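Visitor: Once you've had a glance at the structure underneath, I'll fire off some questions.
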2 protein chains.
Amino acid sequence: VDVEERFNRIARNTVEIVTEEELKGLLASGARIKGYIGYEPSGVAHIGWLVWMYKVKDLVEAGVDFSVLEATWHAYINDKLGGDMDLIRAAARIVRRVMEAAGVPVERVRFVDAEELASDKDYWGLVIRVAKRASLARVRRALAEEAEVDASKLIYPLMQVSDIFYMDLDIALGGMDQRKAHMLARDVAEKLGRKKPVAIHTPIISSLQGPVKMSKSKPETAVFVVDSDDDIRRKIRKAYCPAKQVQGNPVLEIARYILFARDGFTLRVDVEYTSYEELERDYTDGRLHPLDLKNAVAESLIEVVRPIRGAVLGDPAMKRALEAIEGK
Amino acid sequence: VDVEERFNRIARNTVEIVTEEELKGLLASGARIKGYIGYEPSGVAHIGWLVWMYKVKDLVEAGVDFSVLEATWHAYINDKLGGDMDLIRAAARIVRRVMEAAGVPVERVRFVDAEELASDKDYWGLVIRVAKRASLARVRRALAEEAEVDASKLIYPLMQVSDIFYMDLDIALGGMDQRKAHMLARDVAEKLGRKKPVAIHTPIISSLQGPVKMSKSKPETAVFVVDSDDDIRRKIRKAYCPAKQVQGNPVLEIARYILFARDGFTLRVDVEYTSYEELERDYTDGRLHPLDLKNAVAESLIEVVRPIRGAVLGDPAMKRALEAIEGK
């Protein structure tokens with residue numbers, strides 16, 4: 001069961017794996033396994049991205065040959081950073097630095113700018129073959145009346161699936177917000193003679209506000225890797241955190257997906273938790289108060305962010321890019 | 001009025017020009033004018049294509065810097081020749097030979113395979129910018145419930161418009177079946193900072209059968225540039241040709257758009273016509289009988305086809321390509 005350790009390492013903290021038997025079959029073959037994560041460099045990295053960065057670390061240590069696709073063209077399609085390609089590229093350079101400073105073994109990761117794929121006719125050749133095997137309906141349920149959905153929105157998924165096939169991947173890692181694109185890839189792979197990828201989805205940390213994903217939309221609802229210790233204390237203190245409630249609680253998600261992601265992590269509270277489940281029980285049994293959890297999470301998050309913030313702000317050029325980005 | 005001769009030369013025999021004032025403004029500027037025609041090399045050329053080939057000849061003699069886009073990727077999208085790219089390319093080599101043998105000054109025409117555009121990231125960059133400026137509805141009315149229309153059908157028009165912008169064209173020549181794509185290009189050009197092209201549409205000769213465009217679908221309803229003199233006599237003899245009727249009459253369309261396209265052409269009948277309008281009047285006034293028109297048109301068509309057929313069949317390689325094509 002060498003497959004068992006690799007599997008648990010890859011599966012740890014994921015929301016789903018489509019499908020586990022398929023992954024186990026891949027692990028059992030002994031053959032080289034290729035995987036990637038594609039993300040839109042849409043702004044300054046916030047802590048939510050750390051969840052998939054840690055997963056990249058897990059896949060790499062599990063023997064998967066990994067690539068990170070800086071999906072710049074996709075970000076452009078979604079008008080991120082006003083479609084300013086320079087700012088999008090800048091956001092990607094920051095992500096690389098954040099990943100390294102976060103402990104990901106970037107030396108073993110191949111970073112690819114979507115531009116390299118865009119320059120190959122064979123890539124567009126695949127975008128077309130993929131489009132020929134999926135109805136406008138099939139593609140539409142992977143995304144609203146026609147008059148409001150601009151055509152570039154239908155190309156997005158087509159490109160997403162083509163990125164996976166073009167890179168000859170056995171595995172597609174991504175947040176749960178990528179599941180629809182991944183299902184389309186799986187539904188189309190055999191028709192095109194391409195590998196049906198195993199889809200591995202990571203959790204998406206909720207907005208600190210309340211009743212919504214964490215993103216650069218409302219600064220106060222997201223903790224950026226460059227926020228000050230005081231900004232982190234404020235944002236966490238004001239965070240939605242229902243007593244005894246676990247579902248929808250971002251404070252608990254941060255504890256579970258980011259703080260306890262670190263093997264050997266401990267959360268000291270005014271009790272000392274050696275596991276997340278322990279904390280959750282005590283939290284459910286009203287034994288742990290929202291305000292006490294907040295402070296403890298805030299202070300631990302500060303330790304996680306401190307070194308990442310340093311690697312970014314302590315690099316003049318990067319600090320410059322960070323400011324250009326925060327400009328738009 | 002130097003603009004007047006160039007204009008009448010370009011306008012001669014077209015169904016429409018969107019718009020004439022725009023073309024006259026272009027002609028009047030004295031600036032270099034660029035234009036093209038894009039067509040799917042979807043099989044053996046039939047006489048219907050001669051109409052746009054003669055128009056290419058007119059544009060070139062009118063001073064337009066012209067290109068012919070062998071829209072191979074578009075043909076693939078429509079599964080022409082079973083998507084066999086080699087056969088599609090072969091159909092394009094035959095078209096070049098046919099154009100030359102038909103009298104088009106091919107030395108002054110730049111032939112471009114869609115593959116050259118497909119290899120440039122900037123081209124796909126335009127396909128995306130175009131898709132961002134046109135709703136799925138706008139694009140859909142340029143083409144049926146979602147579940148039957150495969151996604152590649154929405155990309156087709158996007159690529160068609162991008163071909164025009166990428167080649168920096170002032171004019172887009174094409175059959176009336178290209179009008180919808182051309183209107184989308186015109187509706188989008190200013191939004192993207194691209195030249196709004198003048199659209200010039202040529203007539204599409206009807207099927208010889210009756211109540212449908214002429215195409216390789218039903219061999220007997222189309223005259224190919226390589227049909228024998230006997231095949232031409234049979235197909236024309238059996239052709240739909242309502243007495244005194246002009247609308248929908250393919251026999252008359254052939255006379256008007258192909259035979260009289262040639263300056264100084266005469267149609268000798270068992271009367272001698274020096275103009276098409278003359279023939280049509282006499283035909284309307286029952287003065288010309290269907291069977292008499294048929295024979296005369298058949299015999300003249302044979303003279304037009306004879307040399308084209310020779311240039312194609314008299315070239316061994318080409319004859320080989322012709323046979324591979326007729327294989328699928």
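Quick note on naming: the chains in the structure tokens go A, B, ... in the order shown, residues restart at 1 in each chain, and ligands are numbered from 1 in order of appearance.
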Considering only C-alpha atoms, give me a table of residues in chain B that are at most 12 Å from chain A, with the closest atom pair and distance in Å for each, as a tab-separated table.
Guide:
residue	atom	partner	partner_atom	distance
B:72	CA	A:125	CA	11.8
B:73	CA	A:125	CA	8.6
B:74	CA	A:128	CA	10.0
B:75	CA	A:128	CA	11.9
B:76	CA	A:128	CA	9.3
B:77	CA	A:132	CA	7.3
B:78	CA	A:132	CA	9.3
B:79	CA	A:132	CA	9.6
B:83	CA	A:129	CA	10.6
B:85	CA	A:125	CA	12.0
B:114	CA	A:121	CA	10.7
B:115	CA	A:121	CA	7.8
B:116	CA	A:121	CA	9.1
B:117	CA	A:121	CA	8.9
B:118	CA	A:121	CA	5.4
B:119	CA	A:121	CA	4.7
B:120	CA	A:119	CA	6.2
B:121	CA	A:119	CA	4.7
B:122	CA	A:119	CA	8.4
B:123	CA	A:119	CA	9.7
B:124	CA	A:118	CA	7.4
B:125	CA	A:118	CA	8.3
B:126	CA	A:152	CA	11.1
B:127	CA	A:152	CA	8.8
B:128	CA	A:152	CA	6.1
B:129	CA	A:152	CA	7.9
B:130	CA	A:152	CA	8.1
B:131	CA	A:152	CA	4.6
B:132	CA	A:152	CA	5.0
B:133	CA	A:150	CA	6.8
B:134	CA	A:150	CA	5.6
B:135	CA	A:150	CA	3.9
B:136	CA	A:151	CA	4.9
B:137	CA	A:146	CA	4.7
B:138	CA	A:147	CA	7.1
B:139	CA	A:151	CA	7.2
B:140	CA	A:146	CA	8.4
B:141	CA	A:146	CA	10.5
B:144	CA	A:136	CA	10.5
B:145	CA	A:137	CA	8.3
B:146	CA	A:137	CA	4.7
B:147	CA	A:137	CA	4.9
B:148	CA	A:135	CA	6.2
B:149	CA	A:135	CA	5.5
B:150	CA	A:135	CA	3.9
B:151	CA	A:131	CA	4.8
B:152	CA	A:131	CA	4.6
B:153	CA	A:132	CA	7.9
B:154	CA	A:151	CA	8.0
B:155	CA	A:128	CA	8.0
B:156	CA	A:128	CA	9.5
B:157	CA	A:151	CA	10.9
B:158	CA	A:151	CA	8.8
B:159	CA	A:128	CA	11.0
Visitor: Out of stretch 143-261 of chain A, which residues get strand (DSSP E) from DSSP, as a list in words?
Guide: residues 171, 172, 173, 174, 175, 198, 199, 200, 201 and 202 of chain A
Visitor: I'd like the contact shell of residue B:11 - 9 Å cut-off, only C-alpha atoms, skipping same-chain residues fewer than 3 positions apart - returned as a list in words.
Guide: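 Near residue B:11, the qualifying residues are residues 6, 7, 8, 14, 15, 16, 17, 20, 55, 58 and 200 of chain B.
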Visitor: Give me, as a ChimeraX atom specification, all polymer residues having an atom no more than 12 Å from residue B:277, counting only C-alpha atoms and skipping those fewer than 4 positions away in the same chain.
Guide: /B:246,252-253,255-257,260,267,273,281-284
Visitor: Write to file, as a CSV table (one decimal), in the first residue's frame, the residues of the selection just made, with N, CA and C atoms.
Guide:
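Ended up saving to result_16.csv:
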chain,number,residue,atom,x,y,z
B,246,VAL,N,-37.8,34.3,-64.6
B,246,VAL,CA,-36.4,34.8,-64.4
B,246,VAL,C,-36.0,34.4,-62.9
B,252,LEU,N,-30.7,30.8,-66.3
B,252,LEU,CA,-30.6,32.2,-66.6
B,252,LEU,C,-29.4,32.8,-65.8
B,253,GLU,N,-29.4,32.4,-64.5
B,253,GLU,CA,-28.3,32.9,-63.6
B,253,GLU,C,-26.9,32.5,-64.2
B,255,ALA,N,-26.2,32.1,-67.3
B,255,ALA,CA,-26.0,33.0,-68.5
B,255,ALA,C,-25.6,34.4,-68.0
B,256,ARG,N,-26.3,34.9,-67.1
B,256,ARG,CA,-26.0,36.2,-66.6
B,256,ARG,C,-24.7,36.4,-65.8
B,257,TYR,N,-24.5,35.5,-64.8
B,257,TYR,CA,-23.3,35.6,-63.9
B,257,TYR,C,-22.0,35.0,-64.4
B,260,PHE,N,-22.1,35.9,-69.6
B,260,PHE,CA,-22.0,37.3,-69.9
B,260,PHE,C,-21.1,38.1,-69.0
B,267,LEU,N,-24.3,35.1,-77.1
B,267,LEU,CA,-25.0,33.9,-77.1
B,267,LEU,C,-25.8,33.6,-78.3
B,273,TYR,N,-27.5,37.1,-79.0
B,273,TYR,CA,-27.6,38.1,-77.9
B,273,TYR,C,-26.2,38.7,-77.5
B,281,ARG,N,-35.3,39.7,-71.8
B,281,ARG,CA,-36.5,40.2,-72.3
B,281,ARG,C,-37.1,39.2,-73.2
B,282,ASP,N,-36.3,38.8,-74.3
B,282,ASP,CA,-36.8,37.8,-75.2
B,282,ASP,C,-37.2,36.5,-74.5
B,283,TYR,N,-36.6,36.2,-73.4
B,283,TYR,CA,-37.0,35.0,-72.6
B,283,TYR,C,-38.3,35.2,-72.0
B,284,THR,N,-38.5,36.4,-71.4
B,284,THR,CA,-39.8,36.8,-70.7
B,284,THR,C,-40.9,36.8,-71.7
Visitor: Residues within 9 Å of residue A:301, please, as a ChimeraX atom specification. Count only C-alpha atoms; anything in the same chain fewer than 4 positions from it doesn't count.
Guide: /A:229,232,254-255,258-259,296-297,305-306
Visitor: Keeping N, CA, C and O atoms for every residue in the selection just given, could you write it to a file as a short mmCIF file (atom, residue, chain, number, x, y, z; two decimals), in the first residue's frame?
Guide:
data_model
loop_
_atom_site.label_atom_id
_atom_site.label_comp_id
_atom_site.auth_asym_id
_atom_site.auth_seq_id
_atom_site.Cartn_x
_atom_site.Cartn_y
_atom_site.Cartn_z
N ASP A 229 -0.32 43.41 10.53
CA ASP A 229 -0.78 42.61 11.67
C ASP A 229 -2.07 43.24 12.21
O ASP A 229 -2.99 42.55 12.61
N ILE A 232 -5.06 42.46 9.97
CA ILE A 232 -5.50 41.09 10.22
C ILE A 232 -6.32 40.98 11.52
O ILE A 232 -7.33 40.27 11.57
N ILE A 254 -10.64 28.99 8.20
CA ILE A 254 -9.25 29.43 8.21
C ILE A 254 -8.45 28.52 9.14
O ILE A 254 -7.35 28.07 8.80
N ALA A 255 -9.00 28.23 10.31
CA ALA A 255 -8.30 27.38 11.28
C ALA A 255 -8.07 26.00 10.69
O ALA A 255 -6.97 25.45 10.74
N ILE A 258 -6.10 26.41 6.72
CA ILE A 258 -4.84 27.10 6.67
C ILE A 258 -3.95 26.86 7.90
O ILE A 258 -2.81 26.42 7.76
N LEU A 259 -4.46 27.12 9.10
CA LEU A 259 -3.62 26.95 10.29
C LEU A 259 -3.27 25.49 10.57
O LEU A 259 -2.09 25.17 10.73
N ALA A 296 -7.25 34.08 18.86
CA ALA A 296 -6.28 33.02 18.66
C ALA A 296 -6.00 32.76 17.19
O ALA A 296 -4.86 32.50 16.80
N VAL A 297 -7.04 32.82 16.37
CA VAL A 297 -6.87 32.60 14.94
C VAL A 297 -6.13 33.79 14.35
O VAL A 297 -5.21 33.62 13.55
N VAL A 305 1.34 34.74 7.95
CA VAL A 305 1.50 35.81 6.99
C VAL A 305 2.82 36.60 7.07
O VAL A 305 3.38 36.99 6.05
N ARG A 306 3.31 36.81 8.29
CA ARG A 306 4.53 37.58 8.49
C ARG A 306 5.65 37.28 7.50
O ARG A 306 6.11 38.18 6.79
#
Visitor: Among stretch 19-130 of chain A, which ones does DSSP place in alpha helix (DSSP H), written as a ChimeraX atom specification?
Guide: /A:20-29,48-61,72-77,85-101,114-118,121-130
Visitor: Expressed in Å to a single decimal, how great is the separation between atom CA of residue B:112 and atom CA of residue B:314?
Guide: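 Calculated distance between atom CA of residue B:112 and atom CA of residue B:314 is 24.9 Å.
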